[PDB]
Each structure stands twice: as C-alpha cells, then as structure tokens.
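Undergrad: Quick one: the structure is below, and I'll ask about it shortly.
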Amino acid sequence: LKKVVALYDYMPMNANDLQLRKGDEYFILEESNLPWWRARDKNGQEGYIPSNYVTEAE
C-alpha cells in the first residue's frame with residue numbers, strides 16, 4: 001500500500017535517511033508528522049525517506 005517512490009537524489013542528513021536513487025520505490029514501514037518517514041528503499045535498507053519530493057506515499 002505505502003510505496004513512496006524517490007524522485008531526486010537525497011542523501012541522509014538526520015540519522016538513517018535512505019539515500020534516494022530516484023526510481024526505486026520506498027515502502028513506509030512507519031510515518032510521522034514530518035516529511036521523512038521510516039521506509040525501506042528498494043535497496044533493502046530501512047531509513048528515513050523524504051516525502052516532500054519522491055512520489056506515491058507522502
């Protein structure tokens with residue numbers, strides 16, 4: 001259901017943000033009141049993913 005797909009390369013600047021690779025989608029293993037959530041990119045890595053950009057979940 002939650003598959004926020006990256007959009008523009010975004011490096012991690014908080015703690016475990018999943019570096020976006022524009023293309024691979026991301027699953028929201030958890031969300032919050034911020035733009036970055038707790039998803040695992042298609043690289044099989046759990047980290048914080050930004051929704052302000054990307055696509056799908058957000």
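Every chain in the structure tokens has a letter given in the order shown (A, B, ...), and although residue numbers restart at 1 in each chain, ligands are simply numbered from 1 in the order shown.
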Can you tell me, as a ChimeraX atom specification, what residues are no more than 6 Å from stretch 17-27 of chain A when counting only C-alpha atoms, ignoring any on the same chain fewer than 3 positions away?
TA: /A:2-12,39-42,47-49
Undergrad: Please give the complete set of residues from stretch 5-54 of chain A that DSSP, run on the backbone, assigns to strand (DSSP E), formatted as a ChimeraX atom specification.
TA: /A:26-28,36-41,45-50
Undergrad: Take the selection from the previous step and output its residues with N, CA, C and O atoms, as a compact mmCIF listing (two decimals), in the first residue's frame.
TA:
```txt
# COMPACT_ATOMS: atom_id res chain seq x y z
N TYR A 26 9.83 3.23 -2.40
CA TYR A 26 10.09 3.01 -0.96
C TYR A 26 8.80 2.60 -0.24
O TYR A 26 7.74 3.12 -0.52
N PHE A 27 8.90 1.68 0.68
CA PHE A 27 7.69 1.24 1.43
C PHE A 27 7.70 1.91 2.80
O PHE A 27 8.72 1.94 3.46
N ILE A 28 6.61 2.46 3.21
CA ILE A 28 6.59 3.16 4.52
C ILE A 28 6.35 2.19 5.67
O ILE A 28 5.23 1.91 6.05
N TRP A 36 9.94 13.24 6.42
CA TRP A 36 10.74 11.99 6.38
C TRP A 36 10.01 10.91 7.19
O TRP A 36 9.56 11.16 8.29
N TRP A 37 9.90 9.72 6.67
CA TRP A 37 9.19 8.65 7.44
C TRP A 37 10.17 7.50 7.71
O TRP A 37 11.36 7.68 7.66
N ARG A 38 9.67 6.34 8.00
CA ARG A 38 10.56 5.18 8.28
C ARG A 38 10.30 4.12 7.22
O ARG A 38 9.55 3.19 7.44
N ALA A 39 10.87 4.28 6.06
CA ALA A 39 10.62 3.30 4.98
C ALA A 39 11.90 2.56 4.60
O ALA A 39 12.99 2.95 4.96
N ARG A 40 11.76 1.50 3.86
CA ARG A 40 12.95 0.73 3.41
C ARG A 40 13.02 0.84 1.89
O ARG A 40 12.21 0.28 1.17
N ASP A 41 13.96 1.59 1.38
CA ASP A 41 14.05 1.76 -0.10
C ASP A 41 14.12 0.40 -0.79
O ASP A 41 14.11 -0.63 -0.15
N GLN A 45 17.08 -1.43 2.51
CA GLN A 45 17.71 -0.72 3.65
C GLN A 45 16.63 0.11 4.34
O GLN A 45 15.92 0.86 3.71
N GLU A 46 16.51 -0.02 5.63
CA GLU A 46 15.49 0.76 6.37
C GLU A 46 16.10 2.09 6.79
O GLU A 46 17.18 2.15 7.34
N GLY A 47 15.42 3.18 6.52
CA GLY A 47 15.98 4.50 6.89
C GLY A 47 14.90 5.57 6.81
O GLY A 47 13.73 5.27 6.63
N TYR A 48 15.27 6.81 6.93
CA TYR A 48 14.26 7.90 6.85
C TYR A 48 14.10 8.33 5.39
O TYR A 48 15.06 8.60 4.70
N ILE A 49 12.89 8.37 4.91
CA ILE A 49 12.67 8.76 3.49
C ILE A 49 11.80 10.02 3.41
O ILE A 49 10.77 10.09 4.04
N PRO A 50 12.25 10.98 2.64
CA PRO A 50 11.53 12.26 2.46
C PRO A 50 10.33 12.09 1.53
O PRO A 50 10.40 11.43 0.52
```
Undergrad: Could you check how far atom CA of residue A:57 sits from atom CA of residue A:16, in Å to one decimal?
TA: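 Result for atom CA of residue A:57 versus atom CA of residue A:16: 18.6 Å, one decimal.
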